[PDB]
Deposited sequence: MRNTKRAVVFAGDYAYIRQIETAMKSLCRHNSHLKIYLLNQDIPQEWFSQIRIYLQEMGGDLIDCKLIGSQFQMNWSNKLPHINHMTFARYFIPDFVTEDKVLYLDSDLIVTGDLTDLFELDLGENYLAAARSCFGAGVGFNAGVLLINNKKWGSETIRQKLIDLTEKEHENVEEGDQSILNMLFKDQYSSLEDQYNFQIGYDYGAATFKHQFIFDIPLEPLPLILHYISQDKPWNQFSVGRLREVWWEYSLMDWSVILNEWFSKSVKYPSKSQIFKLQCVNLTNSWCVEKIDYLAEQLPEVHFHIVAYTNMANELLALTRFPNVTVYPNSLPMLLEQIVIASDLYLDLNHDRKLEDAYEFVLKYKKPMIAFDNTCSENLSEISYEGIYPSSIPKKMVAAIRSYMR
């Protein structure tokens, strides 16, 4: 059975994130990792998802694209479905079996959280949270965290960590220091002459190393201890991690599914009739959605699907190569139709289909191999599948 973990980071931190995830996975099978992000490319998710699945888990691309949306942590209950989830920062390393941490009862607590810097900071450290997702959702904790941040964000040193403290004061149980061992405090410890911090044993290795502060181990120069450990995981090939688990008979089939069809549309509108439904309904079809300008969030968010490539600011000749490379044109876009498409559809004799509300006004029913009901799009799903061999 699957244990739920969540990270949040943009593509600029993909090296840290991937590493955090590598360490985690090294020592823990059956992980359903949810990754909140905005800009991480989809080829990365396709490949890493294969590995997670092979270890009896999964990888969920949670796109924070839309006006309703770094304070990504806040949105955890909007994406995560299980009752309990572990949030983890990306500037950190997992050194062993986290069973205890996973299997811990929160009771009526909103979350479990370790103290800031071994007792030196106020409150708890936000970098490891065993979260009661059921209660975060069913108590509207997301919107509460949002509204608390509008009301006073300046009056609070330390970002969303201070806000999570300010809301959950005395409403959290507490994790031991080794499940969020803030080795990155070293520079601050040394700064404030906290001599006994350097006396804490680093053998055996703490279960979670959290390299807080600006003094990061992956930088050129770092003064903090355990710099060498981050690099062990960062430079570890995924095949090392996997062969460990395929040595101890923990091996599952992936879903590296290949496409049985290549579909394309060119749009000059945010609205592409049933594109989301068609995407989820046809995993085996790569949809190519092209534009000549910037795209609105409703389309950019299609990055969440493994099987949809989106092309903002393309050009006619690039569209043309896609049409050549395609099996089927889907005439789904609403407002102004762009002529270049019909041109290329005729030119390379490409079949075309549409919905009753997305047909061209300045065109005729022989141009379409079928016109399908936009309120019964499963009929379009069956039509599309009929072009597969």
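Chemist: Numbering the deposited sequence from 1, which residue ranges have no coordinates here?
Modeler: Gaps vs deposited seq, in order: 1-3, 73-86.
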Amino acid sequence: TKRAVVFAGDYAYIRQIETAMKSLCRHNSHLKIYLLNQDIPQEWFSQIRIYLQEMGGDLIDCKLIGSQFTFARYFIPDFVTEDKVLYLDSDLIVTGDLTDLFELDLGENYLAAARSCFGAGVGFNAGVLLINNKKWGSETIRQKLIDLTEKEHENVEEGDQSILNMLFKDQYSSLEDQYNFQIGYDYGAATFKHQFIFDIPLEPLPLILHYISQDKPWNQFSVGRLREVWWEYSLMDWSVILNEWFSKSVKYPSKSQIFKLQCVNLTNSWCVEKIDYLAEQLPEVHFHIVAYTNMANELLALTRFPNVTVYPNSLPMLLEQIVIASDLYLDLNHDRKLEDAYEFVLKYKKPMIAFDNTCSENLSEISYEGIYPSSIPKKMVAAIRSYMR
From here on, numbers count along this sequence of modelled residues.
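Chemist: Can you tell me which stretch has the higher mean Cα B-factor, 360-368 or 51-59?
Modeler: Taking the mean C-alpha B-factor of 51-59 and of 360-368, the larger value falls to 360-368.
Chemist: I need to verify one thing: averaged over C-alpha atoms only, is the B-factor higher for 115-123 or for 248-256?
Modeler: So the stretch with the higher mean C-alpha B-factor is 248-256.
Chemist: Quick one: which of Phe69, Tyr34, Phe355, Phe45 has the biggest Cα B-factor according to the entry?
Modeler: The record points to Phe69.
Chemist: Out of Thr191, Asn180, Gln281, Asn109, which one has a C-alpha B factor higher than all the others in the entry?
Modeler: By C-alpha B-factor in the record, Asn109 ranks first.
Chemist: Going by the CA temperature factor in the PDB record, which third of the chain does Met388 belong to: lowest, middle or highest?
Modeler: It falls in the top third of the chain.
Chemist: Going by the CA temperature factor in the PDB record, which third of the chain does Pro204 belong to: lowest, middle or highest?
Modeler: Highest third, going by the recorded CA B-factors of the chain.
Chemist: Using only modelled residues of the chain, where does the Cα B factor of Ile40 rank: lowest third, middle third or highest third?
Modeler: Lowest third.
Chemist: Relative to the other modelled residues in the chain, which third contains the C-alpha temperature factor of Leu346: lowest, middle or highest?
Modeler: Ranked within chain, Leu346 CA B lands in the highest tercile.
Chemist: Would you mind checking where the Cα B-factor of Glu232 ranks among the modelled residues of its chain, as the lowest, middle or highest third?
Modeler: For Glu232, whose C-alpha B-factor we compare with every modelled residue in the chain, the answer is the middle third.
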